[PDB]
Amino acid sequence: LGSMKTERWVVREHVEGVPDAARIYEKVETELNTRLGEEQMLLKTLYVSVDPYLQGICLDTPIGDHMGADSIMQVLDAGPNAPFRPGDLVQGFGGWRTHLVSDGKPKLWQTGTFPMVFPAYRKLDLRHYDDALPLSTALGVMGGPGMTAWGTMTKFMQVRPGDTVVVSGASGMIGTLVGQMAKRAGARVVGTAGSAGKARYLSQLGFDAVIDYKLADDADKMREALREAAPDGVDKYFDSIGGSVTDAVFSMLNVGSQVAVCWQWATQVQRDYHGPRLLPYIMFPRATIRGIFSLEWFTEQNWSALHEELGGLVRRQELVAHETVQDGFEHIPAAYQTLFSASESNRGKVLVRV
């Protein structure tokens, strides 16, 4: 019954470390077969998300295949048993593609270091979004990133007023969201930034102390900045970076503390594969480290709560949830490259509109 011309960003080359987007990615035109299966449905991408964790998926993506990504899609056309009818807005791992055909079921990430099943698509009810909480928040504070932050702070971390909370890679959306909730629950918040621009930005949001991780290239010099910024010890660590800062924070864990390992920038991107053993430090404090893989929380009730609980605070200016929306499908890898650029140009989540 027909086909259609579509643009895709495919994985051209595997490069370790801080990526070179123009070298890694290639826009191709690709003929998309439009004869939908029993439960398949033809989707139009409206927004794609650009995220640092994609640095890993790219290395596990077969050369020539399209680049995965959280996206917002519209149902152009749907097969007889599809989960959504034409017109429905949906969220899922659509990728850097203009159009795609999918049955919307949980697919498995076969070529992955860890076998992973991507979540089945979720429908968006447009009634939830307006100019203070736009639809693009479904890829940020009302989607993947917000669910990560909200999930950790309500289902794992119990922040007592007086606790000192350290957030690494704080300047991004998950770290700023986490820290602000910690400020709200009565915590001293310590964050980490890479420039003065981000450092004063995190200050506004209410971070009591911000450490320049680039100035503290050393793990000892990072341990001193940490000793003074958190004079009474760390009670909660929300870790996105790893490397020498987690080595530093783990040397100062209070009793009963809780670490949340969310990502490890320092090992994925900058390849800090060997370092001091951190496990000895957790024995006396009875510290609980927990890995975060927020997909587990992608359920209907959770999405409901995330809107009511968190969404209110965002629209009432009680919680800042910034976003930087470039425009144009052609500029997606450009937009992605900014995540590794030292410029102070990012606030919150980065999205592309198509």
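So that the term is clear: the rigid core is the largest set of C-alpha atoms that superpose within 1.5 Å between two forms. Each residue number is its position in the shown sequence, starting from 1.
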In 4 other deposited structures of this protein, superposed on the rigid core, which stretch sits farther off in Cα RMS terms, 68-76 or 212-220?
-> 212-220
Overlaying the structures in 4 other deposited structures of this protein on the rigid core, point out which of 6-14 and 339-347 has the bigger RMS C-alpha shift.
-> 339-347
314-322 versus 295-303 - which carries the larger mean C-alpha B factor in the record | 314-322
Assert higher mean C-alpha B factor (91-99 or 167-175, deposited values) equals 167-175
Check the PDB entry and point out which of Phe156, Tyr237, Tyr281, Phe114 has the largest C-alpha temperature factor.
-> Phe114
In terms of CA temperature factor as recorded, identify the highest of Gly206, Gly275, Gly144, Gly151.
-> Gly206
Ranked C-alpha temperature factor of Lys5 among modelled chain residues, by third | lowest
Where the record places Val11 (Cα B-factor, split into thirds across the chain) = lowest
C-alpha B factor of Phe250, ranked within the chain: lowest, middle or highest third?
-> middle
Ranked by Cα temperature factor within the chain, is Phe118 in the lowest third, the middle third or the highest third?
-> middle
Would the CA B-factor of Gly104 place it in the lowest, middle or highest third of its chain?
-> lowest
